[PDB]
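Notes follow the structure.
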Amino acid sequence: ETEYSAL
Amino acid sequence: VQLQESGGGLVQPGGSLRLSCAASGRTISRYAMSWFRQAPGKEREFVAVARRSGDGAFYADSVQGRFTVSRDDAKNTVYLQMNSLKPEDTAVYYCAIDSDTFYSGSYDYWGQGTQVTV
Amino acid sequence: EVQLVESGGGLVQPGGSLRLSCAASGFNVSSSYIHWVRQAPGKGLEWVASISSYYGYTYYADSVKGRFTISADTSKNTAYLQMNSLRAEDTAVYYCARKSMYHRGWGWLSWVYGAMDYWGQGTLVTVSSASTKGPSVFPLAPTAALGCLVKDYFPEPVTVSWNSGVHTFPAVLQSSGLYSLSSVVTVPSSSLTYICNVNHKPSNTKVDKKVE
Amino acid sequence: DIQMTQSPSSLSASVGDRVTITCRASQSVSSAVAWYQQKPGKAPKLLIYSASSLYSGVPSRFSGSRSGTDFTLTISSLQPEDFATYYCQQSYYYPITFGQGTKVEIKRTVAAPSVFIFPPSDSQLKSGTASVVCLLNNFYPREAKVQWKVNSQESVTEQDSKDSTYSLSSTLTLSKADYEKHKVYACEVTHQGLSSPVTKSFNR
Amino acid sequence: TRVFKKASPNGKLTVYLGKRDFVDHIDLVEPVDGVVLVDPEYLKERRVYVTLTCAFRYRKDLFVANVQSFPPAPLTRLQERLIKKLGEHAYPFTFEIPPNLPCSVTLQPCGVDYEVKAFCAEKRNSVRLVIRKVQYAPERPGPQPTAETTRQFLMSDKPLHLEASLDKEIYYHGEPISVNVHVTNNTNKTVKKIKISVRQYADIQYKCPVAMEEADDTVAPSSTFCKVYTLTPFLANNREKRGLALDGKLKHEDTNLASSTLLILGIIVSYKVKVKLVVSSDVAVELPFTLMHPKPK
């Protein structure tokens, strides 16, 4: 599934 | 439950001191113990109180700006730091315990008190 | 700018019915979620219900599931909460709020249910099988404190005045159903006339009592 | 449902105090937590949304933080207008659930309630109901207890303005048949600023 | 700010993309840019290919573009920052979709959809992320839709002047449409009923009535009539209609009614308002309008 992070 | 006070002794005018109060048989986190001053002329005057955990340390108008309270639930003991004393501060300081967990003010156990003379 | 206007608040006997209307301006009721919230006297906020017109979604809390219904009219750009089988516990102040479905970047965020950013003004709803009454004023005679007990009036509000230290206390809904409060004042005992004036518009009743 | 436990249930602070309030979801909310401020009587104002995102117009002192299910609302330096009830709300599942409010009060020296007692009047006795009224005047903090010695309804006036002190009126109501059976009535007030309870009494 | 990421089953290939809604501007299209992170040890094919496909499911493919992420044969402002944050083992890829390609659309139970895939070719070495092609609404309105007719019968010797018009051509989703209708019956037959509808034309053809409004208004012989109606087409009452042209959705989220196709393969969608007079032999008239989404600002 479309995971998630930051920038 | 048997509270015991410690400290006191002669301190010269304008000095400082630190009294302690240690409880036995019960915790201090869920209670809110208070420090009272009994002097010749007006007995059992309010000095300060410290409630459960870090949610309030209230001082009377007489000891505002020159007293401090500090609880410690690890050793089940609390400290009253007295600073900038004056000659009209001389009395027996007692340590009461609030049996109610809602700031009610039902002091039950007191101990014996400690005489601070200035 | 966006605005919401609530209407339809007033007394109603238990087991009765009301219909709150929330009129929306500056936006479309179809591009948003509309929420009904309520706060009881001396309590905290509580969410009542929510509607989405475009997708046709309706949700209600467990305390208003069946006694309340929510619908929308896009021709008039308005939402309606039909409150049936009202009870005393429902006595509260009701608010209307909205959550824009925009701001995704392109279109509708159909699952955020996000924060309610615009609120109305709040309309009071009362529920009680009790008729109007006029206040009954009693004295309270003796720094000395003296006051007047304004008891057994209905409905709110009741105004109390004297002729510094005056403390008019919040009204308390007595178990009977009426309202009772007390207004006290502290004055030096050296000079111990004081008249308590009670006004009650909902019954057009004015009383003047003397304490001394 | 999801239970949002909030703490403290109420706190007292001065001007400039770095207040902090905590909300905690009973389940894994995902940064869908909003913080509102309601002043007495008026409507809630959105302050924080998405558990970290400030809302337009809200001052910069208000800040939101997330450390898991533990959401935090912080005020860098409390100001007179930051004295209201602050709520947390989870807008992730349904039904939306709020917290329990946190009345940010004012802080002052501890004071003791001055206690007065009022017995029923003759006019009130003719009707058929007796009401004894015990008045606690000018006592900070809010917490105080009143006991009736021979069915009560206390009403605390919101924090005062010059002083920041609560008043209270505990009224005991009886039928005249049961009022005149006994002779001595009294109210005992115990307040954390009082070494021993203060009793005010009258004879029927 | 945010970067959607999807790790490959082996965890070596992790696709990162700034956004997932690439708006089909009328003249050009947004560039589909991203970066693929690779582990040189796991890289046994020594070649990783990234493709941007546009399928027409029901399979047919309309645009396939291959760019070799590694080995190297520019970088967008986001790609450089993403690479710097993710180290030096990540390589960027970019596609520039050409105009005249369709926009994402589905059929409510299909349609045109897009996808970005990456695989190491010299299941685990294959990561696919779904994207969407979509378009905003025209920034300026067109001429007002006005449509008038005159239907006559042998029995009558005077015209039955029917006319209809809308207030504008650009109607966002969830917006009521006002249909000004006018009639002038100098004939002898009775104008029984009036109908107004908003209907969809989606040519891959079918015509589903999204909005309807039926009035029993009657205009007696030798009399006029003027009335403003109002219709709001939304999806609340259009969930039992199979084959309805819905906007494209990422995974399963509920979406709004398909937008207009500003202008080609794929499915072309447009919307028309119809005014009909059922007479005691029914007259009809139609106008076009544009149903789309606004542009954030």
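Convention: chains lettered A, B, ... in structure tokens order; per-chain residue numbering from 1; ligands numbered from 1 as shown.
For residue C:118, the list of residues within 9 Å, based on only C-alpha atoms and with local chain neighbours fewer than 6 positions off taken out, reads residues 2, 3, 4, 96, 97, 98 and 99 of chain C; 45 and 46 of chain D.
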Would you save the residues from that selection as a PDB file, in the first residue's frame, using N, CA and C atoms?
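Result file selection-v6.pdb:
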ATOM      1  N   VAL C   2     -18.204  33.257   4.224  1.00  0.00           N
ATOM      2  CA  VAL C   2     -19.101  32.163   4.573  1.00  0.00           C
ATOM      3  C   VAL C   2     -19.833  32.502   5.863  1.00  0.00           C
ATOM      4  N   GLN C   3     -21.100  32.104   5.940  1.00  0.00           N
ATOM      5  CA  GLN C   3     -21.911  32.348   7.123  1.00  0.00           C
ATOM      6  C   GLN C   3     -22.901  31.207   7.290  1.00  0.00           C
ATOM      7  N   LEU C   4     -23.243  30.925   8.542  1.00  0.00           N
ATOM      8  CA  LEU C   4     -24.298  29.984   8.878  1.00  0.00           C
ATOM      9  C   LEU C   4     -25.227  30.638   9.886  1.00  0.00           C
ATOM     10  N   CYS C  96     -24.488  24.959  14.656  1.00  0.00           N
ATOM     11  CA  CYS C  96     -24.341  24.435  13.305  1.00  0.00           C
ATOM     12  C   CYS C  96     -22.947  24.780  12.801  1.00  0.00           C
ATOM     13  N   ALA C  97     -22.245  23.784  12.260  1.00  0.00           N
ATOM     14  CA  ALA C  97     -20.887  23.975  11.773  1.00  0.00           C
ATOM     15  C   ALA C  97     -20.739  23.290  10.423  1.00  0.00           C
ATOM     16  N   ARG C  98     -19.661  23.621   9.712  1.00  0.00           N
ATOM     17  CA  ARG C  98     -19.432  23.078   8.381  1.00  0.00           C
ATOM     18  C   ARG C  98     -17.952  22.799   8.167  1.00  0.00           C
ATOM     19  N   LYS C  99     -17.674  21.781   7.353  1.00  0.00           N
ATOM     20  CA  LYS C  99     -16.320  21.425   6.935  1.00  0.00           C
ATOM     21  C   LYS C  99     -16.278  21.404   5.411  1.00  0.00           C
TER      22      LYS C  99
ATOM     23  N   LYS D  45     -14.221  28.263  18.825  1.00  0.00           N
ATOM     24  CA  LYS D  45     -13.362  28.757  17.759  1.00  0.00           C
ATOM     25  C   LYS D  45     -12.303  27.709  17.465  1.00  0.00           C
ATOM     26  N   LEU D  46     -12.175  27.327  16.198  1.00  0.00           N
ATOM     27  CA  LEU D  46     -11.119  26.403  15.815  1.00  0.00           C
ATOM     28  C   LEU D  46      -9.763  27.064  16.013  1.00  0.00           C
TER      29      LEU D  46
END
Find the nearest atom pair between each residue of chain D and chain B for residues within 12 Å, count only C-alpha atoms, give distances in Å to one decimal, sort rows by chain and ascending number, and present the table as a Markdown table.
| residue | atom | partner | partner_atom | distance |
| --- | --- | --- | --- | --- |
| D:7 | CA | B:55 | CA | 10.3 |
| D:8 | CA | B:55 | CA | 8.0 |
| D:9 | CA | B:55 | CA | 10.4 |
| D:10 | CA | B:55 | CA | 9.2 |
| D:11 | CA | B:55 | CA | 7.0 |
| D:12 | CA | B:56 | CA | 7.6 |
| D:13 | CA | B:56 | CA | 9.2 |
| D:14 | CA | B:56 | CA | 11.9 |
| D:19 | CA | B:55 | CA | 11.1 |
| D:20 | CA | B:55 | CA | 11.2 |
| D:21 | CA | B:55 | CA | 11.5 |
| D:105 | CA | B:56 | CA | 12.0 |
| D:106 | CA | B:56 | CA | 11.8 |
| D:107 | CA | B:58 | CA | 8.5 |
| D:108 | CA | B:58 | CA | 7.9 |
| D:109 | CA | B:60 | CA | 5.1 |
| D:110 | CA | B:60 | CA | 5.2 |
| D:111 | CA | B:60 | CA | 7.4 |
| D:112 | CA | B:46 | CA | 9.6 |
| D:140 | CA | B:58 | CA | 10.1 |
| D:141 | CA | B:103 | CA | 8.6 |
| D:142 | CA | B:103 | CA | 8.7 |
| D:143 | CA | B:104 | CA | 5.4 |
| D:144 | CA | B:104 | CA | 5.2 |
| D:145 | CA | B:104 | CA | 6.2 |
| D:146 | CA | B:104 | CA | 9.9 |
| D:188 | CA | B:106 | CA | 11.7 |
| D:189 | CA | B:105 | CA | 9.8 |
| D:190 | CA | B:105 | CA | 6.1 |
| D:191 | CA | B:105 | CA | 4.9 |
| D:192 | CA | B:105 | CA | 3.5 |
| D:193 | CA | B:46 | CA | 6.1 |
| D:194 | CA | B:46 | CA | 7.1 |
| D:195 | CA | B:44 | CA | 6.0 |
| D:196 | CA | B:107 | CA | 7.7 |
| D:197 | CA | B:106 | CA | 8.3 |
| D:198 | CA | B:106 | CA | 11.9 |
Shell around residue D:6 at 12 Å using only C-alpha atoms, local window under 5 positions removed, as a ChimeraX atom specification: /D:20-26,35,69-73,85-89,97-103
Contacts of stretch 82-84 of chain B within 9 Å, only C-alpha atoms, excl. fewer than 3 positions in-chain, as a ChimeraX atom specification: /B:13-19,63,65-68
Store the residues picked out above, limited to N, CA, C and O atoms, as an mmCIF file, in the first residue's frame.
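See out29.cif below for the written result:
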data_model
loop_
_atom_site.group_PDB
_atom_site.id
_atom_site.type_symbol
_atom_site.label_atom_id
_atom_site.label_comp_id
_atom_site.auth_asym_id
_atom_site.auth_seq_id
_atom_site.Cartn_x
_atom_site.Cartn_y
_atom_site.Cartn_z
ATOM 1 N N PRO B 13 18.187 36.705 61.619
ATOM 2 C CA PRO B 13 17.273 37.465 60.757
ATOM 3 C C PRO B 13 17.846 37.647 59.360
ATOM 4 O O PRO B 13 19.053 37.818 59.178
ATOM 5 N N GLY B 14 16.961 37.606 58.367
ATOM 6 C CA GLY B 14 17.363 37.770 56.986
ATOM 7 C C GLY B 14 18.016 36.559 56.364
ATOM 8 O O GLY B 14 18.515 36.657 55.238
ATOM 9 N N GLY B 15 18.026 35.425 57.051
ATOM 10 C CA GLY B 15 18.673 34.221 56.569
ATOM 11 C C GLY B 15 17.751 33.354 55.743
ATOM 12 O O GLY B 15 16.819 33.835 55.091
ATOM 13 N N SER B 16 18.016 32.051 55.770
ATOM 14 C CA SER B 16 17.228 31.094 55.010
ATOM 15 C C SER B 16 17.260 29.752 55.722
ATOM 16 O O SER B 16 18.105 29.503 56.584
ATOM 17 N N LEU B 17 16.323 28.888 55.348
ATOM 18 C CA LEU B 17 16.202 27.579 55.974
ATOM 19 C C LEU B 17 15.412 26.671 55.045
ATOM 20 O O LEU B 17 14.807 27.122 54.071
ATOM 21 N N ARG B 18 15.428 25.379 55.356
ATOM 22 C CA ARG B 18 14.684 24.401 54.568
ATOM 23 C C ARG B 18 14.151 23.336 55.513
ATOM 24 O O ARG B 18 14.933 22.596 56.116
ATOM 25 N N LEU B 19 12.832 23.260 55.637
ATOM 26 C CA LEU B 19 12.182 22.213 56.409
ATOM 27 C C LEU B 19 11.747 21.090 55.480
ATOM 28 O O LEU B 19 11.554 21.288 54.280
ATOM 29 N N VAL B 63 3.404 34.669 52.812
ATOM 30 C CA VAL B 63 4.659 34.029 52.434
ATOM 31 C C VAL B 63 4.769 33.946 50.918
ATOM 32 O O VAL B 63 5.345 32.995 50.379
ATOM 33 N N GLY B 65 6.431 35.192 47.568
ATOM 34 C CA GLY B 65 7.661 35.820 47.134
ATOM 35 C C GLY B 65 8.871 35.530 47.995
ATOM 36 O O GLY B 65 9.975 35.963 47.642
ATOM 37 N N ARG B 66 8.703 34.823 49.116
ATOM 38 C CA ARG B 66 9.829 34.485 49.975
ATOM 39 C C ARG B 66 9.750 33.062 50.517
ATOM 40 O O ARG B 66 10.529 32.715 51.411
ATOM 41 N N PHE B 67 8.836 32.237 50.019
ATOM 42 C CA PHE B 67 8.746 30.834 50.392
ATOM 43 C C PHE B 67 8.610 30.002 49.129
ATOM 44 O O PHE B 67 8.274 30.510 48.056
ATOM 45 N N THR B 68 8.874 28.706 49.263
ATOM 46 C CA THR B 68 8.708 27.795 48.140
ATOM 47 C C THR B 68 8.409 26.402 48.664
ATOM 48 O O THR B 68 8.859 26.022 49.745
#
Residues within 12 Å of residue C:204, please, as a PDB file with N, CA, C and O atoms, in the first residue's frame. Count only C-alpha atoms; anything in the same chain fewer than 2 positions from it doesn't count.
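Wrote it out as out-v1.pdb, contents follow:
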ATOM      1  N   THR C 132     -45.441  28.996  32.825  1.00  0.00           N
ATOM      2  CA  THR C 132     -44.829  30.206  33.351  1.00  0.00           C
ATOM      3  C   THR C 132     -45.249  30.436  34.800  1.00  0.00           C
ATOM      4  O   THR C 132     -46.336  30.040  35.227  1.00  0.00           O
ATOM      5  N   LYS C 133     -44.364  31.077  35.560  1.00  0.00           N
ATOM      6  CA  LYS C 133     -44.658  31.467  36.931  1.00  0.00           C
ATOM      7  C   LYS C 133     -43.878  32.729  37.259  1.00  0.00           C
ATOM      8  O   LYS C 133     -42.910  33.079  36.579  1.00  0.00           O
ATOM      9  N   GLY C 134     -44.318  33.418  38.306  1.00  0.00           N
ATOM     10  CA  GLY C 134     -43.638  34.599  38.779  1.00  0.00           C
ATOM     11  C   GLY C 134     -42.769  34.287  39.980  1.00  0.00           C
ATOM     12  O   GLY C 134     -43.060  33.376  40.762  1.00  0.00           O
ATOM     13  N   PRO C 135     -41.682  35.034  40.153  1.00  0.00           N
ATOM     14  CA  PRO C 135     -40.765  34.742  41.258  1.00  0.00           C
ATOM     15  C   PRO C 135     -41.407  34.997  42.609  1.00  0.00           C
ATOM     16  O   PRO C 135     -42.255  35.880  42.767  1.00  0.00           O
ATOM     17  N   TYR C 153     -39.566  30.357  40.125  1.00  0.00           N
ATOM     18  CA  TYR C 153     -39.916  31.111  38.932  1.00  0.00           C
ATOM     19  C   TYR C 153     -39.630  30.259  37.704  1.00  0.00           C
ATOM     20  O   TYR C 153     -38.824  29.326  37.742  1.00  0.00           O
ATOM     21  N   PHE C 154     -40.309  30.587  36.603  1.00  0.00           N
ATOM     22  CA  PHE C 154     -40.169  29.813  35.379  1.00  0.00           C
ATOM     23  C   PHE C 154     -40.695  30.642  34.221  1.00  0.00           C
ATOM     24  O   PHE C 154     -41.735  31.296  34.376  1.00  0.00           O
ATOM     25  N   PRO C 155     -40.018  30.661  33.063  1.00  0.00           N
ATOM     26  CA  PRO C 155     -38.696  30.105  32.756  1.00  0.00           C
ATOM     27  C   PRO C 155     -37.604  31.146  32.970  1.00  0.00           C
ATOM     28  O   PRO C 155     -37.868  32.218  33.500  1.00  0.00           O
ATOM     29  N   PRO C 157     -35.009  34.190  31.969  1.00  0.00           N
ATOM     30  CA  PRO C 157     -34.188  34.582  33.116  1.00  0.00           C
ATOM     31  C   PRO C 157     -34.969  35.380  34.154  1.00  0.00           C
ATOM     32  O   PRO C 157     -36.089  35.813  33.904  1.00  0.00           O
ATOM     33  N   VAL C 158     -34.389  35.585  35.334  1.00  0.00           N
ATOM     34  CA  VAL C 158     -34.939  36.468  36.356  1.00  0.00           C
ATOM     35  C   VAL C 158     -33.864  37.482  36.712  1.00  0.00           C
ATOM     36  O   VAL C 158     -32.709  37.111  36.941  1.00  0.00           O
ATOM     37  N   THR C 159     -34.243  38.753  36.755  1.00  0.00           N
ATOM     38  CA  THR C 159     -33.312  39.829  37.060  1.00  0.00           C
ATOM     39  C   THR C 159     -33.455  40.213  38.525  1.00  0.00           C
ATOM     40  O   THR C 159     -34.574  40.336  39.031  1.00  0.00           O
ATOM     41  N   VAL C 198     -36.892  42.290  42.139  1.00  0.00           N
ATOM     42  CA  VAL C 198     -36.906  41.119  41.274  1.00  0.00           C
ATOM     43  C   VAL C 198     -37.826  41.399  40.096  1.00  0.00           C
ATOM     44  O   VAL C 198     -38.994  41.760  40.284  1.00  0.00           O
ATOM     45  N   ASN C 199     -37.301  41.231  38.885  1.00  0.00           N
ATOM     46  CA  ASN C 199     -38.055  41.407  37.654  1.00  0.00           C
ATOM     47  C   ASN C 199     -38.096  40.094  36.886  1.00  0.00           C
ATOM     48  O   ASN C 199     -37.100  39.367  36.815  1.00  0.00           O
ATOM     49  N   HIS C 200     -39.257  39.800  36.298  1.00  0.00           N
ATOM     50  CA  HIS C 200     -39.441  38.565  35.536  1.00  0.00           C
ATOM     51  C   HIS C 200     -40.358  38.897  34.356  1.00  0.00           C
ATOM     52  O   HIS C 200     -41.585  38.896  34.486  1.00  0.00           O
ATOM     53  N   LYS C 201     -39.741  39.198  33.212  1.00  0.00           N
ATOM     54  CA  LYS C 201     -40.511  39.546  32.020  1.00  0.00           C
ATOM     55  C   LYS C 201     -41.378  38.397  31.526  1.00  0.00           C
ATOM     56  O   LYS C 201     -42.570  38.627  31.257  1.00  0.00           O
ATOM     57  N   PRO C 202     -40.875  37.162  31.388  1.00  0.00           N
ATOM     58  CA  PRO C 202     -41.712  36.072  30.860  1.00  0.00           C
ATOM     59  C   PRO C 202     -43.057  35.932  31.556  1.00  0.00           C
ATOM     60  O   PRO C 202     -43.967  35.289  31.025  1.00  0.00           O
ATOM     61  N   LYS C 206     -43.088  41.816  38.886  1.00  0.00           N
ATOM     62  CA  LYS C 206     -42.083  42.605  39.584  1.00  0.00           C
ATOM     63  C   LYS C 206     -42.387  42.590  41.073  1.00  0.00           C
ATOM     64  O   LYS C 206     -43.527  42.836  41.481  1.00  0.00           O
ATOM     65  N   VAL C 207     -41.366  42.299  41.878  1.00  0.00           N
ATOM     66  CA  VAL C 207     -41.504  42.206  43.325  1.00  0.00           C
ATOM     67  C   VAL C 207     -40.419  43.048  43.975  1.00  0.00           C
ATOM     68  O   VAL C 207     -39.307  43.170  43.455  1.00  0.00           O
TER      69      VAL C 207
END
Could you give me, as CSV, a per-residue list for chain E showing, wherever an atom lies at most 6 Å from an atom of chain A, the closest pair of atoms and their distance in Å to one decimal, using only C-alpha atoms and sorting by chain then residue number from low to high?
residue,atom,partner,partner_atom,distance
E:1,CA,A:7,CA,5.4
E:2,CA,A:6,CA,5.1
E:4,CA,A:4,CA,5.4
E:5,CA,A:3,CA,5.2
E:6,CA,A:2,CA,4.9
Exercise: residue D:81 partners within 10 Å, only C-alpha atoms, chain neighbours under 3 positions left out, as a VMD selection string: chain D and resid 39 78 84
Residue hits in chain C, query chain D, radius 6 Å, only C-alpha atoms, as a short mmCIF file (atom, residue, chain, number, x, y, z; two decimals) with N, CA and C atoms, in the first residue's frame:
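Here's the written file result22.cif:
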data_model
loop_
_atom_site.label_atom_id
_atom_site.label_comp_id
_atom_site.auth_asym_id
_atom_site.auth_seq_id
_atom_site.Cartn_x
_atom_site.Cartn_y
_atom_site.Cartn_z
N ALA C 61 -25.16 10.63 16.37
CA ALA C 61 -24.64 10.06 17.60
C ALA C 61 -25.59 8.98 18.11
N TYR C 113 -13.68 14.18 6.91
CA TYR C 113 -14.58 14.55 8.01
C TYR C 113 -13.97 15.63 8.88
N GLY C 114 -13.14 16.49 8.30
CA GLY C 114 -12.19 17.29 9.05
C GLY C 114 -12.76 18.30 10.03
N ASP C 117 -14.59 24.45 10.67
CA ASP C 117 -13.91 25.74 10.66
C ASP C 117 -14.84 26.94 10.78
N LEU C 140 -33.45 37.30 53.66
CA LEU C 140 -32.39 36.61 54.38
C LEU C 140 -31.69 37.69 55.19
N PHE C 169 -26.23 34.74 42.22
CA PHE C 169 -25.74 33.41 41.95
C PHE C 169 -26.48 32.77 40.78
N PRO C 170 -25.85 31.84 40.06
CA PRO C 170 -26.54 31.19 38.95
C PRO C 170 -27.81 30.49 39.40
#
Residue contacts of stretch 231-243 of chain E (9 Å, only C-alpha atoms) excluding same-chain residues fewer than 5 positions away, as number ranges by chain: C: 30, 53-57, 74-75; E: 106-109, 173-179, 196-198, 206, 208, 210-213, 255-257
Go ahead and dump the residues you just picked, N, CA, C and O atoms, as a compact mmCIF listing (two decimals), in the first residue's frame.
# COMPACT_ATOMS: atom_id res chain seq x y z
N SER C 30 -23.54 21.45 -0.99
CA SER C 30 -23.19 20.18 -1.63
C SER C 30 -21.69 19.91 -1.61
O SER C 30 -21.28 18.74 -1.63
N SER C 53 -24.66 16.34 1.43
CA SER C 53 -25.75 16.37 0.46
C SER C 53 -25.35 15.69 -0.84
O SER C 53 -26.10 14.88 -1.40
N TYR C 54 -24.16 16.03 -1.36
CA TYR C 54 -23.74 15.52 -2.66
C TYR C 54 -23.74 14.00 -2.69
O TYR C 54 -24.35 13.39 -3.58
N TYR C 55 -23.07 13.37 -1.74
CA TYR C 55 -23.01 11.92 -1.67
C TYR C 55 -24.19 11.29 -0.94
O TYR C 55 -24.37 10.08 -1.02
N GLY C 56 -25.00 12.09 -0.25
CA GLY C 56 -26.14 11.56 0.48
C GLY C 56 -25.74 10.71 1.66
O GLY C 56 -26.14 9.55 1.76
N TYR C 57 -24.95 11.28 2.57
CA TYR C 57 -24.48 10.59 3.76
C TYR C 57 -25.07 11.24 5.00
O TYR C 57 -25.13 12.47 5.09
N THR C 74 -30.91 21.88 -1.29
CA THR C 74 -29.94 22.62 -2.09
C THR C 74 -30.57 23.74 -2.90
O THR C 74 -29.87 24.68 -3.29
N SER C 75 -31.88 23.67 -3.17
CA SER C 75 -32.54 24.77 -3.86
C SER C 75 -32.51 26.03 -3.01
O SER C 75 -32.24 27.13 -3.53
N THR E 106 -13.71 6.88 -15.19
CA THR E 106 -14.13 5.53 -14.87
C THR E 106 -15.62 5.40 -15.15
O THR E 106 -16.34 6.39 -15.29
N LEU E 107 -16.07 4.15 -15.25
CA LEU E 107 -17.49 3.84 -15.43
C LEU E 107 -18.00 3.22 -14.13
O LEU E 107 -17.44 2.23 -13.65
N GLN E 108 -19.05 3.80 -13.58
CA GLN E 108 -19.55 3.36 -12.28
C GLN E 108 -20.13 1.96 -12.40
O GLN E 108 -21.03 1.74 -13.22
N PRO E 109 -19.65 0.98 -11.61
CA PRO E 109 -20.20 -0.37 -11.69
C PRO E 109 -21.52 -0.52 -10.94
O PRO E 109 -21.49 -0.77 -9.73
N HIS E 173 -19.03 21.45 -9.93
CA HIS E 173 -19.77 20.36 -9.32
C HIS E 173 -20.44 20.83 -8.03
O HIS E 173 -19.91 21.68 -7.30
N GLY E 174 -21.61 20.28 -7.76
CA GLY E 174 -22.37 20.71 -6.60
C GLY E 174 -22.79 22.17 -6.66
O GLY E 174 -22.64 22.90 -5.68
N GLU E 175 -23.30 22.61 -7.81
CA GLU E 175 -23.79 23.97 -7.98
C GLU E 175 -25.15 23.91 -8.66
O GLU E 175 -25.30 23.19 -9.67
N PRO E 176 -26.16 24.62 -8.15
CA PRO E 176 -27.48 24.58 -8.81
C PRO E 176 -27.48 25.35 -10.12
O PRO E 176 -26.86 26.41 -10.24
N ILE E 177 -28.20 24.81 -11.10
CA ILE E 177 -28.28 25.38 -12.44
C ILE E 177 -29.68 25.95 -12.63
O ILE E 177 -30.67 25.22 -12.48
N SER E 178 -29.76 27.23 -12.96
CA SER E 178 -31.04 27.92 -13.13
C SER E 178 -31.43 27.88 -14.61
O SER E 178 -30.68 28.35 -15.47
N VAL E 179 -32.61 27.33 -14.89
CA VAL E 179 -33.07 27.14 -16.27
C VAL E 179 -34.26 28.05 -16.55
O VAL E 179 -35.41 27.68 -16.26
N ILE E 196 -37.65 19.69 -17.25
CA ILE E 196 -36.29 20.21 -17.40
C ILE E 196 -35.34 19.12 -16.93
O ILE E 196 -35.64 18.40 -15.97
N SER E 197 -34.22 18.97 -17.62
CA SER E 197 -33.28 17.92 -17.27
C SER E 197 -31.87 18.38 -17.57
O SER E 197 -31.64 19.26 -18.40
N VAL E 198 -30.93 17.76 -16.87
CA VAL E 198 -29.50 17.89 -17.15
C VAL E 198 -29.01 16.49 -17.45
O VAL E 198 -29.17 15.57 -16.63
N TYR E 206 -24.03 6.68 -24.71
CA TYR E 206 -25.21 6.55 -23.86
C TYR E 206 -25.54 7.93 -23.30
O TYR E 206 -24.73 8.85 -23.33
N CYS E 208 -27.48 9.28 -19.88
CA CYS E 208 -28.17 9.09 -18.61
C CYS E 208 -28.64 10.43 -18.06
O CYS E 208 -27.86 11.39 -18.00
N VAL E 210 -28.89 12.89 -15.46
CA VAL E 210 -28.33 13.06 -14.12
C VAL E 210 -29.29 13.87 -13.25
O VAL E 210 -29.45 13.58 -12.06
N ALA E 211 -29.93 14.89 -13.81
CA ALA E 211 -30.86 15.72 -13.05
C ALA E 211 -32.18 15.83 -13.79
O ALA E 211 -32.20 15.95 -15.02
N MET E 212 -33.28 15.81 -13.04
CA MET E 212 -34.62 15.93 -13.61
C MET E 212 -35.48 16.83 -12.73
O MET E 212 -35.27 16.91 -11.52
N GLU E 213 -36.44 17.50 -13.36
CA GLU E 213 -37.37 18.37 -12.65
C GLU E 213 -38.63 18.47 -13.50
O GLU E 213 -38.61 19.09 -14.57
N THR E 255 -15.85 9.68 -5.79
CA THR E 255 -15.52 10.84 -6.60
C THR E 255 -16.80 11.45 -7.17
O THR E 255 -17.89 10.88 -7.07
N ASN E 256 -16.64 12.62 -7.78
CA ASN E 256 -17.76 13.35 -8.33
C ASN E 256 -18.00 12.97 -9.79
O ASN E 256 -17.24 12.22 -10.40
N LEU E 257 -19.09 13.49 -10.34
CA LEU E 257 -19.45 13.20 -11.72
C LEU E 257 -18.37 13.70 -12.67
O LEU E 257 -17.83 14.79 -12.50
Which of stretch 119-156 of chain D DSSP labels alpha helix (DSSP H), written as a ChimeraX atom specification: /D:122-127
Just-selected residues, C-alpha atoms written as a compact mmCIF listing (two decimals), in the first residue's frame:
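Final file, out-v1.txt:
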# COMPACT_ATOMS: atom_id res chain seq x y z
CA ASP D 122 -41.65 33.92 58.57
CA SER D 123 -43.00 34.79 55.12
CA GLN D 124 -41.32 31.73 53.62
CA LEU D 125 -42.58 29.63 56.54
CA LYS D 126 -46.20 30.61 55.89
CA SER D 127 -45.98 29.10 52.40
Every residue of stretch 72-107 of chain E that DSSP places in strand (DSSP E), as an NGL selection string: :E and (90-96 or 105-107)
